[PDB]
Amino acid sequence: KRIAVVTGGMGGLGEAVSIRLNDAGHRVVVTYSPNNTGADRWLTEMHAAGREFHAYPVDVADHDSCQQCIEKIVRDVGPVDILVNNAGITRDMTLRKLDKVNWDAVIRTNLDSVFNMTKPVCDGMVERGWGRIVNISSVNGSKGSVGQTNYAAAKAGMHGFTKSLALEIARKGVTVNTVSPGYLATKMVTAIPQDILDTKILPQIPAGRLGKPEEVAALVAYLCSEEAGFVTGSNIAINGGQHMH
C-alpha cells in the first residue's frame, strides 16, 4: 500500500530505516549519491535476505536533480506517500578553522536537501489527504557541538522547516516530524579508538551504551504509521538521555 523514499537509504542509519520500513510493509525506494558505485551489490545483498527495493541516484543538494529523481520514481514505482530525509554529511572544524567551502557543503547537503526533496512530494500527499515526512536531525542540533557550527546550523534549521511545513499542511492529513538521534553504533562512531569510546563518549550517555540504528528505525516506522497522524511538528529525542530539556 504505501510507497516510501529514504534518502541515503543504502548505508548506516539509512539502511536500517529502509529495512524497517520494508518489514512494516511499505514499498521502499532509496536514493544514493552518483559517486556511490555499490547500488547493484546492495540490491543483490538485500534481495538475498529477501527484501525488494528500488534505488535511484540523486544529488540532494541540487534542486533539479531531486525534481527529476522524484519524477522517475513516480513513473516507475508510483506516488510518494512517505519521505525520510536522511541524507547528510559532516565537515567538522571549529569556526576559526572552518572555511566557506565546508560551511556550504554542510548547509547545502543537509538543509537545502530538505527543501529539494520535500517540495516535489507534498502536492501529491496533500491531494490524497495522507503523507508522512520525517526529517532526521541530531542531538547536536539541540545541544550544539564543538566543531559543528555548520552541522548544528543545518540540523537545527531542519526542525525550523519541520514546524513551518507542519503548519502549512497538517489540515490535509500530512504530518512532518523531526527525529534527533544521539550516538549510534554505525561505522563512523565504532572506528573511534576504544579508550575514547569508554572515557569520552559513553560517559556522556546515561544509558551507558550506543544506540542501535534499528532502534532509531523503529521510531521512524512509528512516525510513518497510520496511527501516528496526530503527531506533527515534533522533534523526538532518541539519545540514551544524553540531552533532555
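Heads up: residue numbers just count along the shown sequence, starting at 1.
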Between 208 to 216 and 47 to 55 (mean CA B-factor, as deposited), the higher | 47 to 55
Mean B factor on CA atoms, stretches 26 to 34 and 193 to 201, record says higher is 26 to 34
Just grab whichever of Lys143, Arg96, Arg132, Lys172 has the top CA B-factor as deposited.
-> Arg96
Reading the B-factor column of the entry, which of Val106, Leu83, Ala166, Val74 has the highest value at its C-alpha atom?
-> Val74
Mind checking which third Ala237 falls in for C-alpha B-factor across the chain?
-> lowest
Chain-relative CA temperature factor third for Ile19 | highest
How does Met244 rank on Cα B-factor within its chain, lowest, middle or highest third?
-> lowest
Of the three thirds of its chain by CA temperature factor, lowest, middle or highest, which one includes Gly147?
-> middle
Binned into thirds over the chain's modelled residues, the C-alpha B-factor of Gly88 lands in the middle
